[PDB]
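Here, each number is a calculation from the coordinates, and none is a lab measurement. When we count neighbours, we look across all protein chains shown, and the Cβ atoms used for this are built from the backbone with ideal geometry, even at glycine.
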Amino acid sequence: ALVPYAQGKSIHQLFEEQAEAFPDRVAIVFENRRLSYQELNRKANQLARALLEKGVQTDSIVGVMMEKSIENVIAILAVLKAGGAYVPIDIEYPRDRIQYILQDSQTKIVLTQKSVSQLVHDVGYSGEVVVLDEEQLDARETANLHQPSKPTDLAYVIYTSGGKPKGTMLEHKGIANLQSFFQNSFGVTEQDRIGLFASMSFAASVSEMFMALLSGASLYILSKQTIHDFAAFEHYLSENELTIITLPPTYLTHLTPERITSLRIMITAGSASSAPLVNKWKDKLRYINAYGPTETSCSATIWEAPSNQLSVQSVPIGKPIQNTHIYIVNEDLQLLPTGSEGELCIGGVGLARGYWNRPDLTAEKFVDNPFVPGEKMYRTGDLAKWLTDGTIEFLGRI
Ligand SMILES: [Cl-]
């Protein structure tokens, strides 16, 4: 690789390394409950053994219909450890959207919990259902499994809707690269306390989760109640001394910097209209303006707002992150000089395999990269231009 990362390693192997190195550090917190790395790894290994007995193997698509909880994290790690891919089903979605996704994914096994079991019955799922908080796993072996795995294996499938819902197929490789990117560029260490803002069916939530779990850091799962009340959100971050959070700009605009002291890095996805937000926070923490679709593992470019500088008027999306490439091209995929507007196309290790059972759309969006023969590049449909200082400005849709 151009920039070193843990090549040849799967997501669960990177987690197992952290669990070995920091067994007693806190791994996940949800309300009054918490698990250390060792307790989390042990529980995930027991469930992984049960999943293996049910047929979970390479590229098996395991549906997950669970609350934003510690059990959902155990389920994710267990699916990965068994060698399968997890497909989170957003339990807030209307019944018909869940039914469409279940049918499209063709999943033969759904992992759920007691409080979500009636929803699984109501969506009429006829495959195998494992109710995790009804499964007797406490007697199973707790050691790591060591199932065969390659970084090109499917790790997860994220569904999103814009026509019909489509599943983006993400492999282990991009998340392994993001582990090194977060450690290098965000300074992530085991001392960090990371808030999980997004619900676990969103690709950005999977990314936030592994930003903590692949570095020995703690992940604080923020409840719906904490998020719904701005004062409660500020108090939760302050009480628990959270150091990293990724938020949407529309949520960040309601927060008071004085009420949050502990944050060392804040990541958000905005453009020029977020200049007042950047100017307000850039001097209080490391402000990161990030850009990256699900199709490239939720990361593509970053711009850290220079702190010791006068107010900015424009907010770029920055430069490509390690082992990724950005191209600004015209309709014929020809490169454009500075100042010329074109389509943002992304290459490199974060690229999705494609869209689940959508071969024509996959071929249309993940095209041959003419600049790096033998590789693909993703056509974002986003308009952008290079600035002469070498940063990219986001301009909307093509
Ligand atoms: Cl191993």
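Some values worked out for this structure:
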{"quantity": "Residue list for region 148-167, filter: more than 16 Å from the ligand (Cβ to nearest atom), polar (S, T, N, Q) and within 20 Å of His12 (Cβ to Cβ)", "calculated": "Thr152"}
{"quantity": "Residue match in region 341-364 (condition: within 30 Å of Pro276 (Cβ to Cβ) and surrounded by fewer than 19 Cβ atoms within 10 Å (Cβ to Cβ))", "calculated": "yes"}
{"quantity": "Any chance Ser262 is of a type in the set (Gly, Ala, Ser) and more than 19 Å from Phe186 (Cβ to Cβ)", "calculated": "no"}
{"quantity": "Residue match in region 30-46 (condition: under 25 Å from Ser223 (Cβ atoms), within 16 Å of the ligand (Cβ to nearest atom) and hydrophobic (A, V, I, L, M, F, W, C))", "calculated": "yes"}
{"quantity": "Candidates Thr112, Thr189 - the one that is in contact with a strand residue (DSSP E or B) (Cβ under 8 Å, 6 or more places away or on another chain), at negative phi and among the hydroxyl-bearing types (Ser, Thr, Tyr)", "calculated": "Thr112"}
{"quantity": "Scope region 8-29; condition among the basic types (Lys, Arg) and within 10 Å of the ligand (Cβ to nearest atom); matching residues", "calculated": "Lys9"}
{"quantity": "Residue match in region 111-120 (condition: within 16 Å of the ligand (Cβ to nearest atom), surrounded by fewer than 18 Cβ atoms within 10 Å (Cβ to Cβ) and aliphatic (A, V, I, L, M))", "calculated": "no"}
{"quantity": "Options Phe210, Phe202, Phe197, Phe230; residue that is of a type outside the set (D, E, K, R) and surrounded by fewer than 17 Cβ atoms within 10 Å (Cβ to Cβ)", "calculated": "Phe230"}
{"quantity": "Subset tally (residues that are over 17 Å from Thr142 (Cβ atoms), not in a helix (DSSP H, G or I) and not hydroxyl-bearing (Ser, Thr, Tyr)) for region 62-83", "calculated": "8"}
{"quantity": "Selection count, region 368-390, where residues are over 24 Å from the mean Cα position of the chain (by Cα) and not aromatic (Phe, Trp, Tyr)", "calculated": "11"}
{"quantity": "Check on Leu263, farther than 18 Å from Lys385 by Cα, in contact with an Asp or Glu (Cβ under 7 Å, 6 or more places away or on another chain) and in a loop (DSSP other than H, G, I, E, B)", "calculated": "no"}
{"quantity": "Residue match in region 139-147 (condition: away from the ligand (no atom under 16 Å from the Cβ) and touching a helix residue (DSSP H, G or I) at 6+ places or on another chain (Cβ under 9 Å))", "calculated": "yes"}
{"quantity": "Test result for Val206, part of a helix (DSSP H, G or I) and within 29 Å of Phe366 (Cβ to Cβ)", "calculated": "yes"}
{"quantity": "Given (1) of a type outside the set (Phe, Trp, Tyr); (2) assigned to a helix (DSSP H, G or I); (3) more than 16 Å from the ligand (Cβ to nearest atom); (4) over 18 Å from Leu196 (Cα atoms), index of the condition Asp59 fails", "calculated": "(2)"}
{"quantity": "Test set (1) surrounded by fewer than 22 Cβ atoms within 10 Å (Cβ to Cβ); (2) not in a strand (DSSP E or B) - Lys173 fails condition number", "calculated": "(1)"}
